[PDB]
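Visitor: Structure: run_7.cif, mmCIF, N, CA and C atoms.
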```cif
data_final
#
loop_
_atom_site.label_atom_id
_atom_site.label_comp_id
_atom_site.auth_asym_id
_atom_site.auth_seq_id
_atom_site.Cartn_x
_atom_site.Cartn_y
_atom_site.Cartn_z
N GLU A 7 0.85 -1.18 0.00
CA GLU A 7 0.00 0.00 0.00
C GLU A 7 0.88 1.22 0.00
N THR A 8 0.29 2.37 -0.32
CA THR A 8 0.99 3.63 -0.39
C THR A 8 2.09 3.57 -1.46
N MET A 9 1.67 3.67 -2.70
CA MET A 9 2.56 3.52 -3.84
C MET A 9 2.58 4.79 -4.67
N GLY A 10 3.74 5.13 -5.17
CA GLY A 10 3.85 6.17 -6.15
C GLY A 10 4.17 7.51 -5.59
N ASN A 11 3.36 8.46 -5.90
CA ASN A 11 3.59 9.81 -5.48
C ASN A 11 2.82 10.12 -4.24
N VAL A 12 3.46 9.90 -3.14
CA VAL A 12 2.90 10.10 -1.86
C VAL A 12 3.83 10.95 -1.06
N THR A 13 3.29 11.96 -0.57
CA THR A 13 3.94 12.92 0.20
C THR A 13 3.30 12.92 1.57
N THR A 14 4.00 12.41 2.50
CA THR A 14 3.53 12.33 3.82
C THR A 14 3.67 13.69 4.50
N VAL A 15 2.69 14.02 5.28
CA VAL A 15 2.63 15.26 5.97
C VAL A 15 2.51 15.00 7.42
N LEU A 16 3.24 15.72 8.19
CA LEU A 16 3.09 15.65 9.58
C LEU A 16 2.60 16.96 10.10
N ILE A 17 1.45 16.94 10.63
CA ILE A 17 0.88 18.07 11.25
C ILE A 17 1.11 17.92 12.71
N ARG A 18 1.60 18.94 13.33
CA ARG A 18 1.67 18.93 14.74
C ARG A 18 0.79 19.99 15.28
N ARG A 19 -0.32 19.53 15.72
CA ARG A 19 -1.38 20.36 16.19
C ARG A 19 -1.43 20.42 17.72
N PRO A 20 -1.28 21.62 18.29
CA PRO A 20 -1.35 21.82 19.75
C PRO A 20 -2.70 21.39 20.36
N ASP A 21 -3.79 21.84 19.75
CA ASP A 21 -5.14 21.57 20.24
C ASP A 21 -6.16 21.91 19.15
N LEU A 22 -7.44 21.81 19.47
CA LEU A 22 -8.52 21.96 18.50
C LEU A 22 -8.77 23.37 18.04
N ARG A 23 -8.19 24.32 18.71
CA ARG A 23 -8.35 25.70 18.30
C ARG A 23 -7.32 26.08 17.26
N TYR A 24 -6.35 25.22 17.12
CA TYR A 24 -5.38 25.37 16.09
C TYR A 24 -5.81 24.51 14.97
N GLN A 25 -6.58 25.06 14.10
CA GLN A 25 -7.08 24.30 13.02
C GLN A 25 -6.02 24.12 11.97
N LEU A 26 -6.23 23.14 11.12
CA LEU A 26 -5.27 22.65 10.13
C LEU A 26 -4.60 23.79 9.38
N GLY A 27 -5.39 24.72 8.90
CA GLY A 27 -4.83 25.84 8.21
C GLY A 27 -4.86 25.64 6.73
N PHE A 28 -5.60 24.66 6.28
CA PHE A 28 -5.76 24.45 4.88
C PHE A 28 -7.21 24.14 4.61
N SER A 29 -7.65 24.53 3.47
CA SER A 29 -9.00 24.31 3.06
C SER A 29 -9.03 23.06 2.21
N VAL A 30 -9.81 22.10 2.60
CA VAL A 30 -9.86 20.87 1.87
C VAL A 30 -11.29 20.65 1.39
N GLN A 31 -11.43 20.11 0.22
CA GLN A 31 -12.72 19.74 -0.26
C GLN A 31 -12.64 18.33 -0.78
N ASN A 32 -13.36 17.43 -0.11
CA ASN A 32 -13.43 16.00 -0.50
C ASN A 32 -12.10 15.29 -0.38
N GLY A 33 -11.17 15.91 0.30
CA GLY A 33 -9.87 15.33 0.47
C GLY A 33 -8.83 16.04 -0.35
N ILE A 34 -9.24 17.01 -1.13
CA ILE A 34 -8.29 17.74 -1.96
C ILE A 34 -8.10 19.15 -1.44
N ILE A 35 -6.86 19.47 -1.18
CA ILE A 35 -6.43 20.75 -0.65
C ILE A 35 -6.62 21.85 -1.69
N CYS A 36 -7.48 22.79 -1.37
CA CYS A 36 -7.82 23.88 -2.25
C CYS A 36 -7.02 25.15 -1.92
N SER A 37 -6.70 25.34 -0.65
CA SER A 37 -6.02 26.54 -0.24
C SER A 37 -5.24 26.27 1.04
N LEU A 38 -4.18 27.03 1.26
CA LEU A 38 -3.32 26.88 2.41
C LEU A 38 -3.06 28.24 3.07
N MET A 39 -3.23 28.31 4.36
CA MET A 39 -2.93 29.51 5.09
C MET A 39 -1.45 29.51 5.43
N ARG A 40 -0.73 30.46 4.89
CA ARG A 40 0.69 30.56 5.09
C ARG A 40 0.93 30.99 6.53
N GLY A 41 1.85 30.35 7.19
CA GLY A 41 2.09 30.62 8.59
C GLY A 41 1.28 29.71 9.48
N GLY A 42 0.47 28.87 8.88
CA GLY A 42 -0.34 27.95 9.63
C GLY A 42 0.35 26.63 9.83
N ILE A 43 -0.20 25.79 10.70
CA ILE A 43 0.39 24.48 10.97
C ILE A 43 0.53 23.62 9.73
N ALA A 44 -0.43 23.70 8.83
CA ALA A 44 -0.40 22.93 7.60
C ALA A 44 0.80 23.25 6.73
N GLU A 45 1.21 24.51 6.73
CA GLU A 45 2.36 24.92 5.95
C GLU A 45 3.60 24.26 6.55
N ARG A 46 3.62 24.25 7.87
CA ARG A 46 4.70 23.64 8.65
C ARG A 46 4.69 22.13 8.46
N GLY A 47 3.51 21.60 8.25
CA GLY A 47 3.32 20.19 8.04
C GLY A 47 3.84 19.73 6.69
N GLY A 48 3.85 20.63 5.73
CA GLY A 48 4.31 20.29 4.41
C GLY A 48 3.15 20.10 3.47
N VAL A 49 2.03 20.67 3.85
CA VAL A 49 0.84 20.61 3.07
C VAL A 49 0.95 21.60 1.92
N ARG A 50 0.54 21.18 0.75
CA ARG A 50 0.54 22.02 -0.43
C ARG A 50 -0.75 21.84 -1.16
N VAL A 51 -1.17 22.89 -1.76
CA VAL A 51 -2.39 22.95 -2.51
C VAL A 51 -2.26 22.10 -3.75
N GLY A 52 -3.33 21.41 -4.09
CA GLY A 52 -3.29 20.55 -5.23
C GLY A 52 -2.84 19.18 -4.82
N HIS A 53 -3.07 18.88 -3.56
CA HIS A 53 -2.77 17.60 -3.01
C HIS A 53 -4.02 16.95 -2.49
N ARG A 54 -4.06 15.66 -2.63
CA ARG A 54 -5.18 14.86 -2.18
C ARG A 54 -4.75 14.10 -0.96
N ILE A 55 -5.48 14.27 0.10
CA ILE A 55 -5.24 13.56 1.35
C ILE A 55 -5.67 12.11 1.15
N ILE A 56 -4.75 11.19 1.21
CA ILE A 56 -5.08 9.82 1.01
C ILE A 56 -5.13 9.02 2.31
N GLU A 57 -4.53 9.55 3.36
CA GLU A 57 -4.53 8.86 4.65
C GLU A 57 -4.38 9.87 5.75
N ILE A 58 -5.00 9.59 6.89
CA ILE A 58 -4.95 10.42 8.08
C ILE A 58 -4.83 9.52 9.32
N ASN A 59 -3.74 9.69 10.05
CA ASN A 59 -3.43 8.97 11.31
C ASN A 59 -3.63 7.46 11.25
N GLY A 60 -3.39 6.88 10.11
CA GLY A 60 -3.45 5.45 10.00
C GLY A 60 -4.69 4.94 9.30
N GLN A 61 -5.57 5.83 8.88
CA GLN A 61 -6.72 5.40 8.12
C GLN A 61 -6.72 6.05 6.77
N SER A 62 -6.81 5.24 5.75
CA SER A 62 -6.88 5.71 4.40
C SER A 62 -8.23 6.39 4.21
N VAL A 63 -8.21 7.69 4.06
CA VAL A 63 -9.42 8.46 3.98
C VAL A 63 -9.69 8.83 2.55
N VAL A 64 -8.99 8.19 1.67
CA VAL A 64 -9.09 8.49 0.28
C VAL A 64 -10.42 7.97 -0.31
N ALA A 65 -11.08 7.11 0.41
CA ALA A 65 -12.37 6.61 0.01
C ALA A 65 -13.41 7.03 1.04
N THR A 66 -13.02 7.95 1.88
CA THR A 66 -13.81 8.46 2.92
C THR A 66 -14.54 9.72 2.40
N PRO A 67 -15.82 9.93 2.76
CA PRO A 67 -16.57 11.10 2.32
C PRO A 67 -16.08 12.42 2.97
N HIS A 68 -16.45 13.53 2.34
CA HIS A 68 -16.12 14.92 2.71
C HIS A 68 -16.23 15.15 4.20
N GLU A 69 -17.40 14.87 4.72
CA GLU A 69 -17.74 15.12 6.10
C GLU A 69 -16.80 14.40 7.02
N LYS A 70 -16.63 13.13 6.76
CA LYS A 70 -15.79 12.28 7.55
C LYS A 70 -14.39 12.80 7.55
N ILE A 71 -13.83 13.01 6.37
CA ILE A 71 -12.48 13.52 6.21
C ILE A 71 -12.28 14.81 7.04
N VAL A 72 -13.25 15.70 6.96
CA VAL A 72 -13.20 16.96 7.68
C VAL A 72 -13.37 16.74 9.19
N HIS A 73 -14.25 15.83 9.56
CA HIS A 73 -14.59 15.59 10.97
C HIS A 73 -13.39 14.97 11.68
N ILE A 74 -12.71 14.11 10.97
CA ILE A 74 -11.53 13.45 11.45
C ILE A 74 -10.41 14.46 11.64
N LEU A 75 -10.17 15.29 10.62
CA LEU A 75 -9.14 16.34 10.70
C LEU A 75 -9.45 17.34 11.80
N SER A 76 -10.70 17.69 11.92
CA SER A 76 -11.17 18.64 12.90
C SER A 76 -10.95 18.16 14.34
N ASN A 77 -10.93 16.87 14.57
CA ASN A 77 -10.82 16.37 15.95
C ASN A 77 -9.46 15.78 16.28
N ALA A 78 -8.61 15.64 15.30
CA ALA A 78 -7.30 15.07 15.54
C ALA A 78 -6.30 16.17 15.83
N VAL A 79 -5.47 15.95 16.85
CA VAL A 79 -4.41 16.90 17.20
C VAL A 79 -3.12 16.11 17.46
N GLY A 80 -2.03 16.80 17.74
CA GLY A 80 -0.78 16.14 18.00
C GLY A 80 -0.06 15.87 16.74
N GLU A 81 0.78 14.86 16.75
CA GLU A 81 1.48 14.42 15.58
C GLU A 81 0.50 13.67 14.68
N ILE A 82 0.15 14.30 13.59
CA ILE A 82 -0.82 13.79 12.66
C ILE A 82 -0.14 13.42 11.37
N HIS A 83 -0.25 12.17 11.02
CA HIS A 83 0.38 11.64 9.83
C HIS A 83 -0.64 11.59 8.74
N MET A 84 -0.43 12.33 7.71
CA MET A 84 -1.28 12.26 6.57
C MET A 84 -0.45 11.89 5.39
N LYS A 85 -1.06 11.38 4.39
CA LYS A 85 -0.38 11.03 3.18
C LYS A 85 -1.08 11.77 2.12
N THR A 86 -0.39 12.54 1.40
CA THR A 86 -1.00 13.30 0.36
C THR A 86 -0.39 12.94 -0.98
N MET A 87 -1.15 13.03 -2.01
CA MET A 87 -0.65 12.77 -3.34
C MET A 87 -0.86 14.04 -4.13
N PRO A 88 -0.23 14.23 -5.30
CA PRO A 88 -0.41 15.45 -6.14
C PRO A 88 -1.81 15.53 -6.81
N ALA A 89 -2.80 14.92 -6.13
CA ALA A 89 -4.22 14.90 -6.52
C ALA A 89 -4.48 14.17 -7.85
N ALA A 90 -3.49 13.48 -8.34
CA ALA A 90 -3.62 12.71 -9.53
C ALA A 90 -4.10 11.34 -9.14
#
```
Could you show the structure in this file as structure tokens?
Guide:
Amino acid sequence: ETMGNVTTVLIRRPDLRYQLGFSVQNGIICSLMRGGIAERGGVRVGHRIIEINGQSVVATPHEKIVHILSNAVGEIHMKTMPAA
């Protein structure tokens, strides 16, 4: 599993008030807040989140993907691809 163009991201989130800092739609990063944790994480726009903290969310719906990101803090391992 995890083949090809995968760019793992580590988000280190202090708590829930420190939101990701990137706008995602359906798992695809649409925008990134510069200076935010996501930038520090290595998140880039035009990337598709394929996994979050050990669960492949690439087949996970919008809500779920967002709900999961919204509640996860600490060292967060995501796997992103160039949305291809």
Visitor: Hey, which of A:49, A:72, A:55, A:78 ends up closest to residue 22 in chain A? Count all atoms listed in the file.
Guide: A:78
Visitor: Decode the PyMOL selection byres ((chain A and resi 82-85) around 6) for the given file into explicit residues and return them as a list in words.
Guide: residues 12, 13, 14, 15, 16, 17, 18, 19, 54, 55, 56, 57, 58, 59, 60, 79, 80, 81, 86 and 87 of chain A
Visitor: Residues of range 27-84 of chain A classed as alpha helix (DSSP H) by DSSP on the backbone are to be reported as a ChimeraX atom specification.
Guide: /A:43-47,68-77
Visitor: In range 17-63 of chain A, what's strand (DSSP E or B) per DSSP? Answer as a ChimeraX atom specification?
Guide: /A:17-19,28-31,34-38,54-58,61
Visitor: I would like the residues chosen by the PyMOL selection byres ((chain A and resi 43) around 8) on the shown file; could you give them as a ChimeraX atom specification?
Guide: /A:16-19,24-28,39-42,44-49
Visitor: Atom C of residue 63 in chain A to CA of residue 32 in chain A: how many Å, to one decimal?
Guide: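 Those two atoms sit 8.6 Å apart.
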Visitor: Go ahead and compute the interatomic distance for CA of residue 34 in chain A and atom C of residue 7 in chain A, in Å to one decimal.
Guide: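 Distance between the two atoms: 19.0 Å.
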Visitor: For atom N of residue 52 in chain A and CA of residue 35 in chain A, quote the distance in Å rounded to one decimal.
Guide: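 Taking atom N of residue 52 in chain A as the start and CA of residue 35 in chain A as the end point, the length is 4.7 Å.
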Visitor: Just checking: using only C-alpha atoms, which residue out of A:90, A:23, A:33, A:9 ends up closest to residue 74 in chain A?
Guide: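 Under the stated criterion, the closest residue is A:33.
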Visitor: For range 59-82 of chain A, supply N, CA, C and O atoms and report the output as a PDB file, keeping the file's coordinate frame.
Guide:
```pdb
ATOM      1  N   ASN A  59      -3.740   9.690  10.050  1.00  0.00           N
ATOM      2  CA  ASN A  59      -3.430   8.970  11.310  1.00  0.00           C
ATOM      3  C   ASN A  59      -3.630   7.460  11.250  1.00  0.00           C
ATOM      4  O   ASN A  59      -3.965   6.826  12.264  1.00  0.00           O
ATOM      5  N   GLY A  60      -3.390   6.880  10.110  1.00  0.00           N
ATOM      6  CA  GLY A  60      -3.450   5.450  10.000  1.00  0.00           C
ATOM      7  C   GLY A  60      -4.690   4.940   9.300  1.00  0.00           C
ATOM      8  O   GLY A  60      -4.864   3.729   9.171  1.00  0.00           O
ATOM      9  N   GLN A  61      -5.570   5.830   8.880  1.00  0.00           N
ATOM     10  CA  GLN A  61      -6.720   5.400   8.120  1.00  0.00           C
ATOM     11  C   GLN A  61      -6.720   6.050   6.770  1.00  0.00           C
ATOM     12  O   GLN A  61      -6.557   7.279   6.662  1.00  0.00           O
ATOM     13  N   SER A  62      -6.810   5.240   5.750  1.00  0.00           N
ATOM     14  CA  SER A  62      -6.880   5.710   4.400  1.00  0.00           C
ATOM     15  C   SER A  62      -8.230   6.390   4.210  1.00  0.00           C
ATOM     16  O   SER A  62      -9.272   5.735   4.230  1.00  0.00           O
ATOM     17  N   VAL A  63      -8.210   7.690   4.060  1.00  0.00           N
ATOM     18  CA  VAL A  63      -9.420   8.460   3.980  1.00  0.00           C
ATOM     19  C   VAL A  63      -9.690   8.830   2.550  1.00  0.00           C
ATOM     20  O   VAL A  63     -10.571   9.627   2.258  1.00  0.00           O
ATOM     21  N   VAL A  64      -8.990   8.190   1.670  1.00  0.00           N
ATOM     22  CA  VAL A  64      -9.090   8.490   0.280  1.00  0.00           C
ATOM     23  C   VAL A  64     -10.420   7.970  -0.310  1.00  0.00           C
ATOM     24  O   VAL A  64     -10.830   8.366  -1.406  1.00  0.00           O
ATOM     25  N   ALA A  65     -11.080   7.110   0.410  1.00  0.00           N
ATOM     26  CA  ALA A  65     -12.370   6.610   0.010  1.00  0.00           C
ATOM     27  C   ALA A  65     -13.410   7.030   1.040  1.00  0.00           C
ATOM     28  O   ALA A  65     -14.533   6.526   1.072  1.00  0.00           O
ATOM     29  N   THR A  66     -13.020   7.950   1.880  1.00  0.00           N
ATOM     30  CA  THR A  66     -13.810   8.460   2.920  1.00  0.00           C
ATOM     31  C   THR A  66     -14.540   9.720   2.400  1.00  0.00           C
ATOM     32  O   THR A  66     -13.980  10.457   1.588  1.00  0.00           O
ATOM     33  N   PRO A  67     -15.820   9.930   2.760  1.00  0.00           N
ATOM     34  CA  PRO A  67     -16.570  11.100   2.320  1.00  0.00           C
ATOM     35  C   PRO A  67     -16.080  12.420   2.970  1.00  0.00           C
ATOM     36  O   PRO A  67     -15.423  12.399   4.029  1.00  0.00           O
ATOM     37  N   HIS A  68     -16.450  13.530   2.340  1.00  0.00           N
ATOM     38  CA  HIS A  68     -16.120  14.920   2.710  1.00  0.00           C
ATOM     39  C   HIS A  68     -16.230  15.150   4.200  1.00  0.00           C
ATOM     40  O   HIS A  68     -15.278  15.592   4.839  1.00  0.00           O
ATOM     41  N   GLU A  69     -17.400  14.870   4.720  1.00  0.00           N
ATOM     42  CA  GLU A  69     -17.740  15.120   6.100  1.00  0.00           C
ATOM     43  C   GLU A  69     -16.800  14.400   7.020  1.00  0.00           C
ATOM     44  O   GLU A  69     -16.242  14.997   7.929  1.00  0.00           O
ATOM     45  N   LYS A  70     -16.630  13.130   6.760  1.00  0.00           N
ATOM     46  CA  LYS A  70     -15.790  12.280   7.550  1.00  0.00           C
ATOM     47  C   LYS A  70     -14.390  12.800   7.550  1.00  0.00           C
ATOM     48  O   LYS A  70     -13.852  13.084   8.616  1.00  0.00           O
ATOM     49  N   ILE A  71     -13.830  13.010   6.370  1.00  0.00           N
ATOM     50  CA  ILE A  71     -12.480  13.520   6.210  1.00  0.00           C
ATOM     51  C   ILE A  71     -12.280  14.810   7.040  1.00  0.00           C
ATOM     52  O   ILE A  71     -11.306  14.941   7.796  1.00  0.00           O
ATOM     53  N   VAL A  72     -13.250  15.700   6.960  1.00  0.00           N
ATOM     54  CA  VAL A  72     -13.200  16.960   7.680  1.00  0.00           C
ATOM     55  C   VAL A  72     -13.370  16.740   9.190  1.00  0.00           C
ATOM     56  O   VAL A  72     -12.646  17.340   9.994  1.00  0.00           O
ATOM     57  N   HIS A  73     -14.250  15.830   9.560  1.00  0.00           N
ATOM     58  CA  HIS A  73     -14.590  15.590  10.970  1.00  0.00           C
ATOM     59  C   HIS A  73     -13.390  14.970  11.680  1.00  0.00           C
ATOM     60  O   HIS A  73     -13.107  15.292  12.843  1.00  0.00           O
ATOM     61  N   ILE A  74     -12.710  14.110  10.970  1.00  0.00           N
ATOM     62  CA  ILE A  74     -11.530  13.450  11.450  1.00  0.00           C
ATOM     63  C   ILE A  74     -10.410  14.460  11.640  1.00  0.00           C
ATOM     64  O   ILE A  74      -9.810  14.527  12.724  1.00  0.00           O
ATOM     65  N   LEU A  75     -10.170  15.290  10.620  1.00  0.00           N
ATOM     66  CA  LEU A  75      -9.140  16.340  10.700  1.00  0.00           C
ATOM     67  C   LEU A  75      -9.450  17.340  11.800  1.00  0.00           C
ATOM     68  O   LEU A  75      -8.573  17.770  12.519  1.00  0.00           O
ATOM     69  N   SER A  76     -10.700  17.690  11.920  1.00  0.00           N
ATOM     70  CA  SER A  76     -11.170  18.640  12.900  1.00  0.00           C
ATOM     71  C   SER A  76     -10.950  18.160  14.340  1.00  0.00           C
ATOM     72  O   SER A  76     -10.811  18.980  15.236  1.00  0.00           O
ATOM     73  N   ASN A  77     -10.930  16.870  14.570  1.00  0.00           N
ATOM     74  CA  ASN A  77     -10.820  16.370  15.950  1.00  0.00           C
ATOM     75  C   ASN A  77      -9.460  15.780  16.280  1.00  0.00           C
ATOM     76  O   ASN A  77      -9.194  15.477  17.443  1.00  0.00           O
ATOM     77  N   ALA A  78      -8.610  15.640  15.300  1.00  0.00           N
ATOM     78  CA  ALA A  78      -7.300  15.070  15.540  1.00  0.00           C
ATOM     79  C   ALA A  78      -6.300  16.170  15.830  1.00  0.00           C
ATOM     80  O   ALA A  78      -6.301  17.209  15.164  1.00  0.00           O
ATOM     81  N   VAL A  79      -5.470  15.950  16.850  1.00  0.00           N
ATOM     82  CA  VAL A  79      -4.410  16.900  17.200  1.00  0.00           C
ATOM     83  C   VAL A  79      -3.120  16.110  17.460  1.00  0.00           C
ATOM     84  O   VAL A  79      -3.127  14.875  17.385  1.00  0.00           O
ATOM     85  N   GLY A  80      -2.030  16.800  17.740  1.00  0.00           N
ATOM     86  CA  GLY A  80      -0.780  16.140  18.000  1.00  0.00           C
ATOM     87  C   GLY A  80      -0.060  15.870  16.740  1.00  0.00           C
ATOM     88  O   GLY A  80      -0.245  16.600  15.760  1.00  0.00           O
ATOM     89  N   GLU A  81       0.780  14.860  16.750  1.00  0.00           N
ATOM     90  CA  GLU A  81       1.480  14.420  15.580  1.00  0.00           C
ATOM     91  C   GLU A  81       0.500  13.670  14.680  1.00  0.00           C
ATOM     92  O   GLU A  81       0.068  12.548  14.984  1.00  0.00           O
ATOM     93  N   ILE A  82       0.150  14.300  13.590  1.00  0.00           N
ATOM     94  CA  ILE A  82      -0.820  13.790  12.660  1.00  0.00           C
ATOM     95  C   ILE A  82      -0.140  13.420  11.370  1.00  0.00           C
ATOM     96  O   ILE A  82       0.466  14.267  10.704  1.00  0.00           O
TER      97      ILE A  82
END
```
